[PDB]
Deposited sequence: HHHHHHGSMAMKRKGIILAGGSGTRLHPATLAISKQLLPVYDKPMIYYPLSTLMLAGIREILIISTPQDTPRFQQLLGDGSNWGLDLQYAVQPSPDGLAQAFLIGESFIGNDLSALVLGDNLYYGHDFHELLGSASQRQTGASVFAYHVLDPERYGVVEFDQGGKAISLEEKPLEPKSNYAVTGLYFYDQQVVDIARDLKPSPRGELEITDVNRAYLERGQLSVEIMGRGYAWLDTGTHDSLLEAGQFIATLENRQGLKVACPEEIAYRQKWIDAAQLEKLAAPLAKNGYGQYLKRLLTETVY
C-alpha cells in the first residue's frame, strides 16, 4: 500500500536475577534508592535530558505495580509513561521485541534502569545522538574493568572497528555505556537475533549489526563524566556517596525529574508547586519549592 521525527524511550528495569540476593529479594534493584531517590529516577532523568517524553518501562511482572505506583502515567511530569513486563530475563535486546508495538515506526532510545550519568554539557552530548535520525549511537567510556562490558576497539584514526561482548582480553579499556540511540531498523535487527550460548539476545549483536552496515556512531564520553557502577553492593554504596557529595556541596539535586520537566517547560510553576505540596515537610519537596524562586544557571 501507500504511506505518507520523534524518538521514544525504553527503560529496561527488569530482573537482575539472584546476583544481589538477598539485598534485592523483597524488591528489584531499580527501585532501591541511590542516596535520596529511587534508582530509576537517574536513567529516566537521562531520557528526559535527551528531550524524550514517551517512555516504556520494562520490568518483571512482580514489580510493575511498584514502578507504576512510583511514576504513574507520567502526566504529573509532562511525560507519557507506559508499561510492559519481561517474564524472564532473556537479554537487553529483548526490549525491542517486548517494545515493538510501543516503538511503532519511530526512532528509539534504550537506557538500562540501573545506569547513572553525571557531568557537564550532558544535554549537548545527548543532543547530537538524538538529532542523528539515521543509524545508531552509543557512548564509549574508559573503565578499569572493560572485560565486564561491551568493548569498542578503535583504529589509529579513532574509528570504531570492532565490538566484543565481555572479552577476556579487551582490545581497549573503552566500554559501551548503557544508553543506546536507534533508528527504525532496530526492531528488525533484534527480531533476527539468535540467542548467545548463555541464553540471551545481546545488545552487542545489535550494535555490531549497525557497525557492519557503517551506521554506528561511537562518541567518547570523556573522563570528566561520571558513568557510575551499580553492579555490586560496593559500587551501589559508592554511587550513593557520590551523589550525596555533589548534592550536599551544591544545594542542587542530580536527576530530579520534577526539576528537569520544569526546566524543559513540560510543566509550569503551578504544577511544580502542586508536586511539592505532598512532600513539603521533607528536603525533596522543600527543594522543589525553592526552584520556583531561584535562577539556576
(request) Enumerate the deposited-sequence segments absent from the coordinates, judged by C-alpha atoms, in order of position. (result) 1 to 2, 7 to 10
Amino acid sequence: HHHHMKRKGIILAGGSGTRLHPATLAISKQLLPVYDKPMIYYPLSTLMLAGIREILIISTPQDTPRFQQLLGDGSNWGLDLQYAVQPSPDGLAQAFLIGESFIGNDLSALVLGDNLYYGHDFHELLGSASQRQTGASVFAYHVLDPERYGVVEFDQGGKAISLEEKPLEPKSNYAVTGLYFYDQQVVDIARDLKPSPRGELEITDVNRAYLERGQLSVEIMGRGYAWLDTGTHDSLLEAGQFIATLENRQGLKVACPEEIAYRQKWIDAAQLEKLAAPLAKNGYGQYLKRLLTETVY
From here on, numbers count along this sequence of modelled residues.
(message) If you average the CA temperature factors as listed in the entry, which stretch comes out higher, 263 to 271 or 238 to 246?
(response) 263 to 271
(request) Decide which of the stretches 227 to 235 and 40 to 48 has the higher mean C-alpha B-factor, going by the entry. (result) 227 to 235
(request) Could you say which of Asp106, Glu212, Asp80, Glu169 has its CA atom at the highest B factor, as listed in the PDB entry? (result) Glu212
(request) For the C-alpha B-factor as written in the entry, point me to the maximum among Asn173, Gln131, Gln185, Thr177. (result) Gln131
(message) Can you tell me whether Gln62 has a C-alpha B-factor in the lowest, middle or highest third compared with the other modelled residues of the same chain?
(response) highest
(request) Among all modelled residues of this chain, ranked by Cα B factor, put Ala160 in the bottom, middle or top third, i.e. lowest, middle or highest. (result) highest
(request) Give the position of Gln94 by CA B-factor within its chain, expressed as the lowest, middle or highest third. (result) middle
(request) Divide the modelled residues of the chain into thirds by Cα B-factor and specify which third, lowest, middle or highest, holds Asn76. (result) highest
(request) Can you work out whether the C-alpha temperature factor of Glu124 puts it in the lowest, middle or highest third of the chain? (result) highest
